[PDB]
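Quick heads-up: it's one chain on its own, the form solved without the partner chain, in C-alpha cells.
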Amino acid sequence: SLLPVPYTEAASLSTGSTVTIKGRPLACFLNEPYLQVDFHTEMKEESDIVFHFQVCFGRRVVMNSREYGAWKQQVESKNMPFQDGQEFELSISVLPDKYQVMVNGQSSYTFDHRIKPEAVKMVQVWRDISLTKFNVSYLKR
C-alpha cells in the first residue's frame, strides 16, 4: 500500500525496543500468502539474520536465525492468530531474554535471543503483504 514492499529500514534494537508493523495480506488464505520479517546484522540483504519470522498465513510460522551464512535450528509453530482477509497489527518487543511477537494485541510467539539484539542494523519486511505502518521505538537508554 503506502510503504514500499520489500521494505528495508536501518534499525537498532535493545531491551525495551518495539517494532510495530501494520499491513494486509495480498491474497486470501486459501492461496497461502507469506509474510516475512528479518532482523539483519548489516544493511546488505545477504547479511546474517538474528531473528527470522516467516508466516504462511493460515498454515504455520517458522522462526530461525542465519549465522555466518547458515540457517540454525528452526522453530515451527501452528499458532495462527491472523485472520483471513484482514489487516493485522504486529508488535515485536525486545525483552531481556527473547523477542515477543504480539498479533492484534495478543501474545502469539516468542523466540529466545541467539545473538545479542545490539547486533541488529537493519529490519526487512517482505513477501505477500501491503504495509501501511512501520515503526521502531527508540525511547530507552
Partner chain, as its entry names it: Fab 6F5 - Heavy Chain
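In this text, the rigid core denotes the largest set of C-alpha atoms whose superposition between the two forms falls within 1.5 Å. Positions refer to the first chain, counted from 1. Only residues modelled in both forms are compared.
One more form of this protein, deposited with the partner chain bound, exists but is not displayed; see below.
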| item | value |
| --- | --- |
| Non-hydrogen atom contact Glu67 with the partner chain in the entry with it bound at 4.5 angstroms | yes |
| Sequence-ordered residues of 116-133 touching the partner chain in the entry with it bound, heavy atom within 4.5 Å | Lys116, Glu118, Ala119 |
| Regions shifting between this form and the one not shown, defined as 3+ consecutive residues whose CA atoms all move 2 Å or more relative to the core | 138-140 |
